[PDB]
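A short write-up of the structure that comes next.
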Amino acid sequence: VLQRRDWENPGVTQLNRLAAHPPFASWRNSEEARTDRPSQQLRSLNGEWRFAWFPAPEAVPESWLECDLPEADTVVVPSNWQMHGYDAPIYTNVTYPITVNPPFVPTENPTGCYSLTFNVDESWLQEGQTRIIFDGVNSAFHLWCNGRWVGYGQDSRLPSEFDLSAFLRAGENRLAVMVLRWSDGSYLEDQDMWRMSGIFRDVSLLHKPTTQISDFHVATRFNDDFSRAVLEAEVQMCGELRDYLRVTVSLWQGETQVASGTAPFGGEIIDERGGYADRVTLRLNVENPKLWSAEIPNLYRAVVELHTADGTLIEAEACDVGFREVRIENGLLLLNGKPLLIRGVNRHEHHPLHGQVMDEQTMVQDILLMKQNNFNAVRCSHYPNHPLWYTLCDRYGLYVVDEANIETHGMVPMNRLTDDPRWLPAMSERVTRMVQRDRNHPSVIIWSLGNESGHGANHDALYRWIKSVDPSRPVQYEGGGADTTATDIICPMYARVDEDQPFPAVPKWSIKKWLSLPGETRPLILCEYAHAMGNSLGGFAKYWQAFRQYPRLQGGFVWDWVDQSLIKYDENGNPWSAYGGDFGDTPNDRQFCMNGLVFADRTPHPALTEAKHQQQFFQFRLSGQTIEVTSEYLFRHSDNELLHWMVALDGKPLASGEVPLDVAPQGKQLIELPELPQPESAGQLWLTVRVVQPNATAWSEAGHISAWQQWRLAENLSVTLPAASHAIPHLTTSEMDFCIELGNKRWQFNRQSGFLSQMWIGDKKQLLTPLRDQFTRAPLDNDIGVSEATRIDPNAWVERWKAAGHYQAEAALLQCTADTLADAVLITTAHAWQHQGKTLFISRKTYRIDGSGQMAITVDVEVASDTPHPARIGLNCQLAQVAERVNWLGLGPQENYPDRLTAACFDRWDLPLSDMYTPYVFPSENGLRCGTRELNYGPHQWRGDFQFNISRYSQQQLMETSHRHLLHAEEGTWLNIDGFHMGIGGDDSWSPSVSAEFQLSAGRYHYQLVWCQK
Amino acid sequence: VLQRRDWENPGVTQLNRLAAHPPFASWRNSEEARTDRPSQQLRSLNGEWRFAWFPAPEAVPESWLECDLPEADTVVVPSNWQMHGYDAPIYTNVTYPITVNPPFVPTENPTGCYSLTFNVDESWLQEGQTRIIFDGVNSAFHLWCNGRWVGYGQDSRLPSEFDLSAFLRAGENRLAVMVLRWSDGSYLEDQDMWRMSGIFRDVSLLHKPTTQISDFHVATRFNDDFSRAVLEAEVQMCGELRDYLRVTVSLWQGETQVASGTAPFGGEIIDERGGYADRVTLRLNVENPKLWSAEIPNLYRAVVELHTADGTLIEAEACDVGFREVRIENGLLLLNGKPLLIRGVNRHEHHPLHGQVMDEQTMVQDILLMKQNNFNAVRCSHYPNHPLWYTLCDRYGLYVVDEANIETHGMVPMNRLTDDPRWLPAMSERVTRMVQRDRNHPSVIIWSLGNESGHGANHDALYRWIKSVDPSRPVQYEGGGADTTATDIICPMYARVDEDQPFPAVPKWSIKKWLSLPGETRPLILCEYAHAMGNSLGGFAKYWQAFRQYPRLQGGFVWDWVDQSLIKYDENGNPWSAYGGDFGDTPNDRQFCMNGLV
Ligand SMILES: OC[C@H]1O[C@@H](SCCc2ccccc2)[C@H](O)[C@@H](O)[C@H]1O
Ligand SMILES: OC[C@H]1O[C@@H](SCCc2ccccc2)[C@H](O)[C@@H](O)[C@H]1O
Ligand SMILES: [Mg+2]
Ligand SMILES: [Mg+2]
């Protein structure tokens, strides 16, 4: 066993492992099978095991096979051993975590030795077959039972089963399992995720009788309009064939039996030598079946019984059946004859405390949040999931892409192993065992051959294998340029809507152009788009506009669902969120492990609301007084839907109402609004509509909002003058300062810097820092890309801004003058920002302080045409005071940016100061609100047309701090008020992705603010 | 080694075996490569070996690894041990010669223990890599060198190579080879022929330098009228890449150099991660090439040289190149743009004294008799042949169908193993290693996935693998009714000219009717017709009338070339011809082993 080194040989992937099959419980009662009750024949071995860690498999003492080591600890199974402190988890994206030298692995190969002592019932050993099932072990393992060697397995993400009938004794039995971190199977598992190890899914014992059901498959066929179905069930047995053996398949809808069939064994003739004596095929007719879809997940229950002709049951098995048909016809992917639009997301199995151990409670929480945010589909990135996941997607309704555990991203070239016939055996076990496990699940609609492994002849061979054994689902594969002969669907990753990226050999065309290339007929579904790393999803609306307009663009899967951060503890035992490199792991890919729409504890990022709104199932159009509502449901009528409408004048409600929705799938409804009020007061009128679900569902509460939209109606411009004040502000001119007094208010302008340096109400100072121009932001993850201090990427935005001096530029005063008018004081300033003799920006300002005590600020900025476009053009200061609440009239309530603001609505918003900070784990610019007309904070009020952010953290502190737990609140409050702000991008995060219409490239800018004390 | 029982496990088909590649001689001189002279770097180990027979592998004494058994005999290698009287040859057609219980084999498993003592030159051990090549061993074997275990192999009809660099010493060395009659590979080798065993093809040592040519492929493309060709050569190396390494490919017609090309290593970009640093592709233009066909077998000689930039040769390899194009267009199989008419025969490797040992003299005699009787094509029934066969078919002019060693005729139903994904590994080694060995031969015009194994998803997977790595030849397969999605050609066996035979699931239509079934567009070539058993071939004229009248009937392969009878001796020592059952073999299929035209 130490001399064969099976873990360094790609030709050996298992020894003594049993055939793959759909999930079995071996019920001995037909009613228990029908109702899905727990089976006495399936025991869990999850719980406390003994565990010892070793640096290599040669360091494991020989006594460990016979008895427990004294130095072993007690640990919970399932678990990852890096989550218990035995060695460090490693976060690496592309580079393999070991030397690339296939098929050898390091001689330092951390080894986990697990053991369990357990009782077996007397009844289990007299008759039948006892097997052990390991649902997942990472990465390869050898198994012993009572000191004797049983078998060996590889592939971390599919179950491994072994017959223990010959090894078990009555009384106390002992299992010993030796798990290796690295194996030749590690070469095929280079997914972008934490690299961990252990017995990380369930362990169980199953008892079957000697004559047994060994496999069964369920298939459904329809007539042209889905009014008649045939359920075809193939059953195979093992053991001794007898003439008295019979198989019955019955189909249940709730407690009503719908169809039934019975036959003896013996298939029809297949070839010159006969047929399968040990198989049978039943056909069951079903009239007007209820169809399964993500909108209405109607399920039936199929029970399969092996019994004698005189009626004695031997064993029963069962599964959930959904009647649906998936096909590609004339370049469109169809479900039940209608074209799908995929609102998809990629999801990893990740928990911040338990690593890669999934429980039911976590899975249900992810499914409810997905459906509540208008997702209908999920991609298993990038391996088969825990078996309970597919059951939940069947019951709640999500389309699943099921993916083989094959990724060789770090190879050079990427197809070095997948073009080699010596690795064809290892790859075929990963594809064929996934299909034999999952082919009965209705939620699985597409198979995938894996991810990022180039294009090799091995992929073509396996594409054709699946089409032949399971013709009822399309196959997709992205490697080798996303449109090879190994895919039914064009499935690019990160292709842009309008812009081509012409890389050699593997170009990423714009998605609209890809469709129409000479010869191309397939549908296009992006397997990854809109990389959600940090403050991201800019330009998301542009994908959804294209998906709705082009029939053959059928949607895509966002990258991705949840941040893969882990929890660490500081000195005081306070938890904090950690990422690549925080465990001493090296090399590592730092914060690239956090790409989620939700934080690792399942709290939402602000981008989640942008996804929910673009993916809505109702679309709205306004024409005069008429709202047109269009349904994008394919199958359901809107029977749980109420339309609420509200008209408001600059935040104040004027009229409201509700109307029930009655709209057929893909239909329209016209709603006529009552004669709207005509107010005399100035301001913009706004109409907001929202779709509300009055009743609770399996996945949502009563009152859930599923869709919304907002429009401008009539506007009345203000033609009244400000009330003529009696008091005149007084100007005092020293050598150092201009000082303006009016009543208890006082303003001070510094004549050497040319900035407002202080302001008094009574005797209380209002500023800690002067009001100054600001042209920079703390860089987002999309601004940095793959750039680092070792290896600078000169094309990233942060690198262009640094090389040009934007972070270092010094303001030089050109002019600072004051003048008394009739009723006001006017201050005029000009500044130039320079770096090594080059002028980057010029700003010219006027400040007008009138008798009402208002200060009107006008700003004019010029930007040199050859400097990189600036991140923002605005003012900043640090206010002296801290208030509890922020009140504003503008887009809200959540963080919104110029290329991510469709989901935000214009209204009067009011939040505690802490909701104005988004706590991204990697700190950056955050919390901006756009389209704002008025902002109130303490005694201050700003009016204008601006974007702002307000918080306790300076742009400087956000840029210098790598983790959110290291930030500290500064004295007072930092306010940033911008006339203009650049987009955030997010098509990908490793190349510039801010579209030309969101860059500040106009050269001249103007904005105005009024600062008063109300 | 006795506790792992690798010969009863379809997941293990080899241990420590090197990658498959085209034939190599490792010349150290470009002229010797061009003119095909014998290479000092390739030694034959054929001759006298020591041999002992045992009833099972558990009966082999442990001392046999270290030293010769006193009770061993001296025998010639290559040989079948049943031809020397150690146990009986078995003739069975369909029924497997062992209990059908995959993947187990009988505990009584006759075992042949071969050994050889040999000298290795001092120069071979200082530098480079020494490998041993076994061209064929039936059915599975373990190998030891100087007492230490080297490796394990299965598949009887393709070579097995092992690195011996770490095991050899200067002076006297000893090989020990333990050959098993039955293995899980026997389940895939149910061809209709005598069931024999032993080291039945050549054994050799090859010396390569550490930096070496590890593979090369040759492809030819034409303009619309075959007046201009491009020869494309892909070369791969192993060992340490250096900037000074260069590859030259040159093309010779007789003594005239016709084309030449030179490049450093480094392929073009393939994907997001780059290209192959250890490969290069040369393109050579050739104007008015002479085309290869069975009527005029014009050959060129391609020499591949690995050398330094300053001109020092490291190693040379060479092969014969024939310019021809094979394609299917509008339902016709075309060679050099013209539709073929196949005058074919099936041929087994059989000799009445030596069993399944083929020599050059026998091969040449069969080729001259075939051409003298107006045959132009030969089907390798039903496994890859001795490597010299394809060289002779290139030089004299015969079209070859090359066939994978896969036949599971005695299974019930016939696709029990070829529809199971647990046997997909074992089947893929039989197909992928044949293609990597033979893809440079001009005479090979069609690949075949094997014979009589029903139709399973494993056949579809392997059909698609060949179309992707070698698009220049059609693929055929007869199982599952001769017209499945795993064949480019409809290729029935024993379909009649005018009469239908409507069997359930797998009907044999008349060949004229098969052509015109709704939807059918492929050419039809019979992979077996006109069974020549005894006094036979009545109605042969009726096939040839139909072949000439219908364009899409493009001929067929007669079953078969030579009778598989063996020689026995009577009391007076007079030789006589024997058939199934004459060796006490039971059950047997009697005279069904004699189907030959000769
Ligand atoms: O979340 C990161 C993404 O990285 C890019 S590679 C290019 C970017 C990169 C490369 C190397 C290190 C870090 C990032 C992959 O294509 C995506 O599937 C996803 O894994
Ligand atoms: O030379 C015999 C031929 O037998 C028939 S099986 C049907 C005939 C048969 C079956 C069993 C025993 C003997 C003959 C095969 O299909 C041919 O390829 C060839 O091997
Ligand atoms: Mg990757
Ligand atoms: Mg046969």
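Residues in the structure tokens are named by chain (A, B, ... in the order shown) and by number from 1 within that chain; ligands are numbered from 1 in the order shown.
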Practice problem: Extract, using only C-alpha atoms, all DNA, RNA and protein residues at most 12 Å from residue B:440, discarding same-chain residues fewer than 3 positions from it, and format them as a ChimeraX atom specification. | Solution: /B:21-23,215-220,232-234,301-302,318-323,387,390-391,394,434-437,443-445,470,472-473
Quiz item: Residues within 8 Å of ligand 2 (only C-alpha atoms and all ligand atoms), as a list in words?
Solution: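 Using only C-alpha atoms and all ligand atoms, everything at most 8 Å from ligand 2 comes to residues 92, 93, 94, 95, 191, 192, 452, 493, 528, 531, 533, 559, 589, 592, 593, 594 and 595 of chain B.
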Can I get the selection written as a PDB file, in the first residue's frame, with N, CA, C and O atoms?
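For reference, result-v9.pdb as written:
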ATOM      1  N   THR B  92     -12.365 -21.822 -30.623  1.00  0.00           N
ATOM      2  CA  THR B  92     -13.792 -21.533 -30.309  1.00  0.00           C
ATOM      3  C   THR B  92     -14.173 -20.264 -31.081  1.00  0.00           C
ATOM      4  O   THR B  92     -13.337 -19.380 -31.215  1.00  0.00           O
ATOM      5  N   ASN B  93     -15.401 -20.196 -31.581  1.00  0.00           N
ATOM      6  CA  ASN B  93     -15.844 -19.065 -32.401  1.00  0.00           C
ATOM      7  C   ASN B  93     -16.478 -18.010 -31.478  1.00  0.00           C
ATOM      8  O   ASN B  93     -15.901 -16.965 -31.238  1.00  0.00           O
ATOM      9  N   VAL B  94     -17.668 -18.291 -30.959  1.00  0.00           N
ATOM     10  CA  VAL B  94     -18.431 -17.294 -30.225  1.00  0.00           C
ATOM     11  C   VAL B  94     -18.274 -17.537 -28.713  1.00  0.00           C
ATOM     12  O   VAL B  94     -17.904 -16.621 -28.005  1.00  0.00           O
ATOM     13  N   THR B  95     -18.590 -18.735 -28.222  1.00  0.00           N
ATOM     14  CA  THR B  95     -18.506 -19.043 -26.776  1.00  0.00           C
ATOM     15  C   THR B  95     -17.100 -18.692 -26.258  1.00  0.00           C
ATOM     16  O   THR B  95     -16.119 -19.064 -26.900  1.00  0.00           O
ATOM     17  N   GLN B 191     -12.217 -12.827 -30.534  1.00  0.00           N
ATOM     18  CA  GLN B 191     -12.176 -13.030 -32.018  1.00  0.00           C
ATOM     19  C   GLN B 191     -12.263 -14.529 -32.337  1.00  0.00           C
ATOM     20  O   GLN B 191     -11.806 -15.358 -31.549  1.00  0.00           O
ATOM     21  N   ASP B 192     -12.853 -14.857 -33.486  1.00  0.00           N
ATOM     22  CA  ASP B 192     -12.973 -16.227 -34.006  1.00  0.00           C
ATOM     23  C   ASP B 192     -11.634 -16.752 -34.555  1.00  0.00           C
ATOM     24  O   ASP B 192     -11.342 -16.592 -35.751  1.00  0.00           O
ATOM     25  N   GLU B 452     -18.068  -6.902 -33.759  1.00  0.00           N
ATOM     26  CA  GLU B 452     -19.072  -7.739 -33.059  1.00  0.00           C
ATOM     27  C   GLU B 452     -19.076  -7.449 -31.551  1.00  0.00           C
ATOM     28  O   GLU B 452     -18.831  -8.349 -30.746  1.00  0.00           O
ATOM     29  N   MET B 493     -22.292  -7.244 -42.488  1.00  0.00           N
ATOM     30  CA  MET B 493     -21.595  -8.449 -42.795  1.00  0.00           C
ATOM     31  C   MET B 493     -22.574  -9.499 -43.337  1.00  0.00           C
ATOM     32  O   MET B 493     -23.613  -9.756 -42.718  1.00  0.00           O
ATOM     33  N   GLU B 528     -17.577  -7.931 -44.312  1.00  0.00           N
ATOM     34  CA  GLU B 528     -17.365  -9.382 -44.555  1.00  0.00           C
ATOM     35  C   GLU B 528     -18.451  -9.864 -45.526  1.00  0.00           C
ATOM     36  O   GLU B 528     -19.620  -9.573 -45.304  1.00  0.00           O
ATOM     37  N   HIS B 531     -18.619 -15.928 -47.479  1.00  0.00           N
ATOM     38  CA  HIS B 531     -17.921 -16.834 -46.555  1.00  0.00           C
ATOM     39  C   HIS B 531     -17.318 -18.026 -47.299  1.00  0.00           C
ATOM     40  O   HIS B 531     -18.061 -18.900 -47.705  1.00  0.00           O
ATOM     41  N   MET B 533     -15.969 -21.038 -46.898  1.00  0.00           N
ATOM     42  CA  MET B 533     -15.675 -22.233 -46.079  1.00  0.00           C
ATOM     43  C   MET B 533     -15.820 -23.489 -46.939  1.00  0.00           C
ATOM     44  O   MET B 533     -16.934 -23.813 -47.395  1.00  0.00           O
ATOM     45  N   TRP B 559     -14.547 -12.979 -46.753  1.00  0.00           N
ATOM     46  CA  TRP B 559     -14.144 -13.682 -45.536  1.00  0.00           C
ATOM     47  C   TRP B 559     -13.738 -15.121 -45.891  1.00  0.00           C
ATOM     48  O   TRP B 559     -14.646 -15.891 -46.204  1.00  0.00           O
ATOM     49  N   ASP B 589     -15.316 -25.299 -32.067  1.00  0.00           N
ATOM     50  CA  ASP B 589     -16.195 -25.123 -33.218  1.00  0.00           C
ATOM     51  C   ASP B 589     -15.684 -25.825 -34.502  1.00  0.00           C
ATOM     52  O   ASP B 589     -15.926 -25.360 -35.606  1.00  0.00           O
ATOM     53  N   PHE B 592     -15.080 -24.781 -38.516  1.00  0.00           N
ATOM     54  CA  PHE B 592     -15.356 -23.358 -38.765  1.00  0.00           C
ATOM     55  C   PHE B 592     -14.094 -22.490 -38.748  1.00  0.00           C
ATOM     56  O   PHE B 592     -14.155 -21.291 -39.067  1.00  0.00           O
ATOM     57  N   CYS B 593     -12.956 -23.061 -38.378  1.00  0.00           N
ATOM     58  CA  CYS B 593     -11.739 -22.309 -38.442  1.00  0.00           C
ATOM     59  C   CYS B 593     -11.154 -22.309 -39.864  1.00  0.00           C
ATOM     60  O   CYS B 593     -10.139 -21.632 -40.110  1.00  0.00           O
ATOM     61  N   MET B 594     -11.742 -23.030 -40.813  1.00  0.00           N
ATOM     62  CA  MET B 594     -11.155 -23.032 -42.182  1.00  0.00           C
ATOM     63  C   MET B 594     -12.090 -22.332 -43.179  1.00  0.00           C
ATOM     64  O   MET B 594     -13.028 -22.912 -43.697  1.00  0.00           O
ATOM     65  N   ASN B 595     -11.804 -21.074 -43.432  1.00  0.00           N
ATOM     66  CA  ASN B 595     -12.660 -20.272 -44.285  1.00  0.00           C
ATOM     67  C   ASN B 595     -11.820 -19.635 -45.400  1.00  0.00           C
ATOM     68  O   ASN B 595     -12.259 -18.643 -46.004  1.00  0.00           O
TER      69      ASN B 595
END
Practice problem: List every residue of stretch 217-415 of chain B that DSSP, applied to the backbone, labels as strand (DSSP E), and write the result as a ChimeraX atom specification. | Solution: /B:217-222,228-238,245-253,256-264,279-287,300-308,313-321,326-329,332-335,338-339,342-347,377-380,399-403
Exercise. Using DSSP on the backbone coordinates, identify the residues of stretch 157-396 of chain B assigned to alpha helix (DSSP H); present them as number ranges by chain.
Key: B: 360-372, 387-396
Quiz item: Given a cut-off of 9 Å, which residues of chain A touch chain B, counting only C-alpha atoms, written out as a PyMOL selection string?
Solution: chain A and resi 9+11-15+19+268-277+409-416+421-422+424-426+428-429+432-433+454-469+479-481+503-506
Practice problem: Collect all residues with atoms no farther than 12 Å from ligand 3, counting only C-alpha atoms and all ligand atoms, and output them as a PyMOL selection string. | Solution: (chain A and resi 92-96+188-193+381-382+406-411+414+450-454+478-479+493+528+589+592-593) or (chain B and resi 272-273)
Practice problem: Compile the contact shell of residue A:210 as a ChimeraX atom specification: residues with an atom at most 9 Å away, counting only C-alpha atoms, same-chain residues fewer than 3 positions apart removed. | Solution: /A:127-129,238-240
Exercise. Do a neighbour search on residue A:46 at 12 Å with only C-alpha atoms, toss out local chain neighbours closer than 6 positions, and write the hits as a PyMOL selection string.
Key: chain A and resi 75-79+115-116+118+133-135+199-205
Quiz item: If you count only C-alpha atoms, which residues fall within 6 Å of residue B:80, apart from same-chain ones fewer than 4 positions away, as a ChimeraX atom specification?
Solution: /B:197-198,200
